[PDB]
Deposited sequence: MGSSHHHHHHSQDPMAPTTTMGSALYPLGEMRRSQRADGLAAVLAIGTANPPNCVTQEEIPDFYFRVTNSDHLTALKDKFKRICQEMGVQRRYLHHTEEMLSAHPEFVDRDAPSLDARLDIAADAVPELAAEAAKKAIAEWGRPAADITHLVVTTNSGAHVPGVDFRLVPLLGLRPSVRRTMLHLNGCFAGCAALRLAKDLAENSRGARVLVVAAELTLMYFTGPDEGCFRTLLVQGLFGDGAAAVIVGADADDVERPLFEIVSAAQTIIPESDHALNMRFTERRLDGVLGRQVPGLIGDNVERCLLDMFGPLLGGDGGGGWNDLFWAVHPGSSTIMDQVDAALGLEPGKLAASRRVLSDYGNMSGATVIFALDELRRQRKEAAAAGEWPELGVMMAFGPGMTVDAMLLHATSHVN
C-alpha cells in the first residue's frame, strides 16, 4: 500500500439537532408536567434554582409530550423500559447523525462516496449492525468503507473518536474519515425522586445533538483544512472512577454524577495537559473544551488562568444546546471557527468517566 505524508487535519464540521426546542426558563414546568409531579412543589423548586445556575439557555429534544404519553414506562422510575428506549434510538440516531454528516460533507466539498473510513460514537444505542452500518445507505457511503462502532464511551467520546481518525487518515494516502458523535437524552429520561439530585442535574444540563467531522491529511486544493491534529493523547485522573459512572440498566441509561467532579478536573487539568503534551502561558493557546457545566468551565478557567474569551465558544455551545455528551466538544470547535472569522496552537479536550481526559493539540491554518 501507501501512506499519507502530513498531519491529519479537520476539513469540515457539521452539526444538527432535534426540531423540538425547550428554553431553560420553560424546562421546569415541562419536566414536572410530563412526569406527573406538579404536586411536588418543593422538589420542583429545588429544580428551578438548579437550572438557573447550569449555564444553559435552551436544549433540543427528540422526545416530546406526545412521545412520553405514548410511553408511561419511561416515567415509572422503577419499571423496565430500555427496549422502548432503544427502539426509538435505533431509528432516531441514524437520522440525526446523517443530517449532521451531510452538513459536514457539504462544507467539505466531495461526495459521501469519497469517504474511506467511518468512526461513529454514541451512548444512545446498542445494536449490531449499529449506526455506523445504517449510515451507509442513509449517506451513500461505499460498501467497503472501513467502520468502527463505539457504543457508550461517555462524555469524552468525541475526542476519543477524533483520536482514531488521526491515525486512520495519516496511515493511508488519500484516506478521508467521517467522524460522527450523536446523543439522545431520552436514554436517561425518567421521573424525579425526592432524593436523587442526579436526575435533576441531567434533566437541566443535557441536550440532544449530533456532530460531524471530516478528517484527512494532504488536503487537496479544493479542500479547506481548518485544523491540524498535531498530537492526540489521553490520560487518567488518579482514584476518581467513583465520581463518574455510566451503565445500561433495565430501567434506562443510569450512572453517577459526583459532586467532586468539577473539583477533580479543576485540581488535575493542568497536570493532565503537561503529561500529555509537556514538550508562554495557557492563554497563548486557543480552546475547545467539553463544557461539563459553567462550574466545570469555571474550574478550567481558574486552574489555567484563562482570559474569559478563551472558553467563550465552549460556554456558548453549552448555553445554546446544553450538554450533548461526546458531540458537545465538536460543536465547540465549530463555534470556535465561526467566531474566529488569533493563536495558532490550541487544545481540544473532554473529560468523562475514569476520570478520563482525552485531548488533542491542534494547529489552526488559513
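Counting the deposited sequence from 1, the stretches lacking C-alpha coordinates are 1 to 33, 313 to 319, 382 to 388, 414 to 416.
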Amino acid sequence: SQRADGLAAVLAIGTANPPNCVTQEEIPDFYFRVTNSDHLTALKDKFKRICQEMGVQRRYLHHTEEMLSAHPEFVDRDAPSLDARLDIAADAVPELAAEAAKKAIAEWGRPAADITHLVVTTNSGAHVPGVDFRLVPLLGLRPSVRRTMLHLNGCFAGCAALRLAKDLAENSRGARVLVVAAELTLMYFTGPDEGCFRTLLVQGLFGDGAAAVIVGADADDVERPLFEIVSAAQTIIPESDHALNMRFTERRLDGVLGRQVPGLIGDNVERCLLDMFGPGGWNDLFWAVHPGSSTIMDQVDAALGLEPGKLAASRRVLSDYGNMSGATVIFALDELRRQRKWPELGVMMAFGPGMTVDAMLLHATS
From here on, numbers count along this sequence of modelled residues.
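Set 306 to 314 against 32 to 40 and average the Cα temperature factors; 32 to 40 ends up higher.
For the pair 43 to 51 and 57 to 65, the mean Cα B-factor is higher in 43 to 51. The PDB entry gives the largest Cα B-factor of the residues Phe133, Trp108, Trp287, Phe197 to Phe197. Going by the entry's values, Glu239 shows the largest Cα B-factor out of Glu183, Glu239, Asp87, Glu95. When the CA B factors of the chain's modelled residues are split into thirds, the value for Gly352 lands in the lowest one.
Among the modelled residues of the chain, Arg271 sits in the highest third by CA temperature factor in this PDB entry. Remark: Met246 belongs to the highest third of its chain, ranked by C-alpha B-factor as recorded. Among all modelled residues in this chain, the alpha-carbon of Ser124 has a temperature factor (C-alpha) in the lowest third. Ranked within its chain, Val145 lands in the lowest third, by CA B factor from the PDB record.
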